[PDB]
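Have a look at the structure below before the remarks.
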Amino acid sequence: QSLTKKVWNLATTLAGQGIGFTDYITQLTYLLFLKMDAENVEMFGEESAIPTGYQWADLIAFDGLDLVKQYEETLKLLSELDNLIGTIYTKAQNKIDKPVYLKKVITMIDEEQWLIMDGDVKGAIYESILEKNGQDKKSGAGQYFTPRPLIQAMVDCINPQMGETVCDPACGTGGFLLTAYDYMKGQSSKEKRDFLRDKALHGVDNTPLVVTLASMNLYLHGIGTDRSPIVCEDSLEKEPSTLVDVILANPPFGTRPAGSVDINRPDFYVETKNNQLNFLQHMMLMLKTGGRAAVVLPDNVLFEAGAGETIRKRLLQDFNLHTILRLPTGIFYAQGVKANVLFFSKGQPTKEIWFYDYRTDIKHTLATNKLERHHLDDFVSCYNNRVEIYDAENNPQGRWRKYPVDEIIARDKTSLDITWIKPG
Ligand SMILES: C[S@@+](CC[C@H](N)C(=O)[O-])C[C@H]1O[C@@H](n2cnc3c(N)ncnc32)[C@H](O)[C@@H]1O
């Protein structure tokens with residue numbers, strides 16, 4: 001709030017040098033955590049945990065190639081540490097080679113009092129910064145972000161409860177985990193208030209800086225003290241060591257980058273190069289019996305022949321794919337995206353699949369008619385009240401329709417890419 005504007009103007013200035021928004025924001029985060037540590041030494045007494053010689057006061061004293069060297073040394077030592085600090089500084093790395101322009105970020109962070117602010121305030125500034133980068137049409141940070149309105153509706157439908165484990169195995173900025181924690185925190189303790197605190201959440205992302213942003217975000221909203229729920233791993237690489245109650249995820253829509261290690265997963269139902277089918281497999285394999293998932297996936301997952309069908313067959317047999325939400329265009333960073341939310345539990349077969357079409361004749365964009373949480377109110381009510389809106393003769397254009405599993409098994413390729421609403 002005016003602090004946000006100052007953060008945004010330093011962003012364009014570094015952009016003026018060769019320094020992009022995502023890089024700026026990681027360096028801002030590295031510096032912010034360090035400053036806040038120092039503040040906590042005055043504001044509440046105790047000894048720092050940051051090594052001696054590398055605290056905030058040591059940093060601000062240098063100016064030249066010397067400033068850049070001290071900063072880099074500082075990031076090296078912190079990355080070597082454990083728990084929350086080590087997570088914030090995961091494979092930490094300076095991207096600002098220019099002393100003058102680093103000193104500007106340092107100087108801006110130094111001049112405020114971060115501990116003291118309303119605490120909600122730090123959260124909301126950070127969420128606001130993450131979003132403005134995330135919906136930046138030519139910055140491509142949207143690959144690291146999901147719109148909050150949609151996360152909220154998903155968490156509301158899944159309805160996580162105190163005592164459950166929640167995992168997002170492709171966590172980006174940590175929005176699902178942040179929202180599921182807020183949802184659970186306001187419910188009726190104490191083995192379980194402590195469970196939420198220490199044991200409920202887990203997030204995985206393979207990209208170091210994104211782990212830095214996620215672990216900071218969770219921390220700035222009061223999630224954790226000395227430990228982070230976020231780990232830096234490649235989810236597809238390894239069979240999961242622990243099964244969970246709830247999965248919440250928006251996995252990458254893009255291909256696995258070239259030169260990434262080849263995966264070796266005998267536990268998978270089928271070998272495929274489709275990155276999204278593999279995330280879907282990995283997540284099905286991650287659930288406990290009785291567990292449930294809500295996951296954002298592309299249309300391709302619903303129609304693709306070969307491996308896709310094999311997996312959709314497995315999904316119908318051993319899981320209850322009770323709900324598919326068809327998402328509108330114009331809500332993700334890179335619009336065009338044809339996406340869907342699939343909700344399913346593990347154990348029981350699918351007998352019926354309820355479709356909610358929020359795509360056909362729906363018009364959102366990032367600049368005008370923005371998606372907000374109230375647009376998914378009807379969906380959420382349908383989710384809870386399993387009474388068909390569609391009727392062949394009374395309401396053929398109704399958004400909520402139930403299909404028995406036998407019609408789906410009878411479709412070509414076992415396709416789940418079903419619509420029925422005439423645009424006309
Ligand atoms: C669309 S983002 C998730 C956004 C998140 N829902 C939020 O609140 O910001 C997808 C994430 O998956 C990560 N990712 C890509 N490949 C991965 C992999 N193999 N293992 C774990 N994470 C991966 C990306 O780095 C990216 O942050």
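Start at 1 and go down the list; that is how both ligands and their atoms are numbered. Counting begins at 1 with the first residue of the sequence. Quick note: numbers below take in every heavy atom, side chains included, and nothing from hydrogens, waters or symmetry partners.
- The number of heavy-atom neighbours closer than 6.0 Å to CD of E80, taken from other residues, nucleotides and ligands shown, is above 12.
- With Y356 as the aromatic partner, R359 does not meet the cation-pi criteria of under 6.0 angstrom to the ring centre and within 45 degrees of the ring axis.
- Interatomic distance, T212 OG1 to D205 CG, rounded to the nearest 0.5 Å: 10.5 Å.
- Applying the ring-ring contact (aromatic ring centres under 6.0 Å, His included) criterion to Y144, with sequence neighbours excluded, gives no partner residue.
- The residues lining ligand 1, counting any heavy atom closer than 4.0 Å, are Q143, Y144, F145, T146, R148, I151, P169, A170, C171, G172, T173, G174, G175, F176, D205, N206, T207, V210, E233, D234, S235, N250, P252, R256, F279.
- Here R326 pairs with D417 in a salt bridge; the nearest charged N to carboxylate O distance falls below 4.0 Å.
- The main-chain N or O of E309 is never found under 3.5 Å from a side-chain atom of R314 such that the two would form a donor-acceptor pair.
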